[PDB]
*Asks:* 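Mind having a look at this structure? Questions to follow.
Numbers here are sequence positions counted from 1. Order of listing sets the numbers, starting from 1, for every ligand and every atom in it. Values below: every heavy atom of this structure, side chains too, minus hydrogens, waters and symmetry copies.
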Amino acid sequence: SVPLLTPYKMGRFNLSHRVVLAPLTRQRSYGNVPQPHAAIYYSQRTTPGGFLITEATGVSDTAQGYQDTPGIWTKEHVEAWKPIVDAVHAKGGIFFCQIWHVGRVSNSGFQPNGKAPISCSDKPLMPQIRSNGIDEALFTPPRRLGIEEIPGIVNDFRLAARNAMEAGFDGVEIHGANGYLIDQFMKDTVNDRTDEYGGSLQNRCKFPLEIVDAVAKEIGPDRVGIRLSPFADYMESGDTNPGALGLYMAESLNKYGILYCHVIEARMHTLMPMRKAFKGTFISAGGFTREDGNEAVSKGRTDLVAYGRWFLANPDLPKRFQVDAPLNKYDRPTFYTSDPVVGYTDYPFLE
Ligand SMILES: Cc1cc2nc3c(=O)[nH]c(=O)nc-3n(C[C@H](O)[C@H](O)[C@H](O)COP(=O)(O)O)c2cc1C
């Protein structure tokens with residue numbers, strides 16, 4: 001009866017409902033290592049046939065810009081993620097690992113040898129902001145990547161995709177949104193390169209398309225999604241022509257025949273052109289209510305809807321939605337704190 005709670009077939013996966021766990025950075029993977037507490041967390045949010053996306057997961061030793069976000073670039077990361085994946089599988093979840101590199105959204109304190117964060121350009125991020133006291137930028141201005149270094153970062157994503165499979169994930173979500181490394185190349189206010197990776201829409205999408213290319217070759221395009229936010233400007237990532245960026249990307253990922261395109265809504269024409277252009281599954285995110293999502297599903301505006309904050313705060317979100325029970329309030333001050341339990345796995349199920 002309830003459109004959000006109607007099954008849906010995502011390529012070769014059968015989903016019981018359309019209520020997806022959005023990727024949610026929780027900063028509790030000590031030392032970039034996934035922790036057994038995450039096994040409880042994602043397990044609590046699993047339903048048979050539910051689709052879950054992990055928090056963003058680093059592709060390399062320089063992919064990090066916050067403390068305690070997990071990697072999947074070492075054999076060690078692989079082994080620690082296995083029991084988390086298995087717990088999700090035990091309750092019948094389809095579980096995709098979202099893979100990112102923060103690029104310029106970082107500092108020397110997060111980089112090996114204390115070196116500069118890397119980006120498509122050397123454009124400094126929030127220059128008005130310094131750390132407590134020192135006249136020193138909070139976001140250590142980034143090093144512009146040599147074109148000789150770009151294939152060996154695009155390979156970093158190919159390899160993280162490989163290690164996701166090793167850990168047993170069903171698939172991978174490429175984090176091409178929110179002002180991080182992939183979005184940095186795509187956005188015209190950030191990418192001012194005068195080589196083949198910059199200086200034009202096509203040049204600017206070369207990077208993401210190379211990444212999609214290498215991941216889908218590694219693991220199969222049928223296990224590959226990408227997240228885009230062409231309309232956002234998180235971390236100074238706005239585009240002067242966001243409708244064009246969006247359409248060119250959605251159109252351009254058709255060639256590759258990947259599984260899904262997952263897009264964050266603007267401040268609300270926008271998502272539709274991308275949806276009609278992209279032939280596979282479409283996932284919409286950003287400020288959905290139950291009723292917003294029921295409506296988007298029934299009117300064919302999207303196939304799935306990712307909920308981030310409400311799902312964070314309600315381990316049984318899909319059930320609650322099935323029934324319209326009241327939701328737990330989300331406690332913002334513990335989104336990003338570092339306790340294994342508090343504001344992480346102590347949001348309650350329905351009495
Ligand atoms: C605590 C917090 C962490 C997040 N971490 C990520 C991230 O790892 N990757 C990502 O693509 N989006 C991230 N998001 C965005 C969510 O996936 C989602 O798009 C956003 O919360 C808007 O959806 P909502 O209205 O359901 O909360 C995060 C959001 C919050 C609140």
*Asks:* Does the residue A177 have a heavy-atom contact with ligand 1, meaning some pair of atoms that are separated by less than 4.0 Å?
*Replies:* no
*Asks:* Does the protein place a non-hydrogen atom closer than 4.0 angstrom to atom 31 (C) of ligand 1?
*Replies:* yes
*Asks:* Between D303 (side chain only) and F282 (backbone N and O only), is there a donor and an acceptor less than 3.5 Å apart?
*Replies:* yes
*Asks:* Consider only side-chain N and O atoms of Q27 and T69, and report whether a donor and an acceptor are under 3.5 Å apart.
*Replies:* no
*Asks:* Which protein non-hydrogen atom lies closest to atom 4 (C) of ligand 1, naming both residue and atom, and how far is it?
*Replies:* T25 N, 3.4 Å
*Asks:* What is the closest protein heavy atom to atom 20 (C) of ligand 1, and at what distance does it sit?
*Replies:* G308 CA, 4.9 Å
*Asks:* Of all the atoms in ligand 1, which lie at a distance below 4.0 Å from a heavy atom belonging to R309?
*Replies:* 24 (P), 25 (O), 26 (O), 27 (O), 31 (C)
*Asks:* Geometry only, no angles: is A22 polar-contacting ligand 1 at N/O separations under 3.5 Å?
*Replies:* no
*Asks:* Who's the nearest protein heavy-atom neighbour of atom 14 (N) of ligand 1, and how far?
*Replies:* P23 O, 3.3 Å
*Asks:* Could you list which atoms of ligand 1 come closer than 4.0 Å to a heavy atom of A56?
*Replies:* 8 (O)
*Asks:* Does a side chain donor of either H17 or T47 reach within less than 3.5 Å of an acceptor in the other side chain?
*Replies:* yes
*Asks:* For ligand 1, is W310 a contact, meaning one of its heavy atoms is under 4.0 Å away?
*Replies:* no
*Asks:* Consider ligand 1: state whether an atom of it lies below 4.0 angstrom from any non-hydrogen atom of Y336.
*Replies:* yes
*Asks:* Nearest protein heavy-atom contact for atom 29 (C) of ligand 1: which residue, which atom, what distance?
*Replies:* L24 CD2, 3.9 Å
*Asks:* Among side-chain atoms of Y344 and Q44, is any donor-acceptor pair under 3.5 angstrom?
*Replies:* no
*Asks:* If only atom types and distance count, is the side chain of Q111 paired as donor or acceptor with the main-chain N or O of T62 below 3.5 Å?
*Replies:* yes
*Asks:* Under 4.0 Å from any heavy atom of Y307, which atoms of ligand 1 are there?
*Replies:* 26 (O)
*Asks:* For ligand 1, which atoms sit closer than 4.0 Å to a heavy atom of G287?
*Replies:* 23 (O), 24 (P), 25 (O)
*Asks:* Which residue supplies the protein heavy atom nearest to atom 10 (C) of ligand 1, what is that atom called, and how far is it?
*Replies:* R227 NH1, 3.2 Å
*Asks:* What protein heavy atom sits nearest atom 9 (N) of ligand 1, and how far off is it?
*Replies:* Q98 OE1, 2.9 Å
*Asks:* Tell me whether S29 contacts the main-chain N or O of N32 through its side chain, where contact means a donor paired with an acceptor under 3.5 Å.
*Replies:* no
*Asks:* Are the side chain of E218 and the backbone N or O of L159 linked by a donor-acceptor pair below 3.5 Å?
*Replies:* no
*Asks:* Looking only at protein heavy atoms, which one is nearest to atom 22 (C) of ligand 1, and what is the separation?
*Replies:* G286 CA, 3.7 Å
*Asks:* Ring centres of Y66 and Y336 under 6.0 Å apart?
*Replies:* no
*Asks:* Donor-acceptor pair, distance only, cut-off 3.5 Å: does the side chain of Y260 make one with the backbone of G11?
*Replies:* no
*Asks:* Centres of the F157 and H175 rings: under 6.0 Å?
*Replies:* no
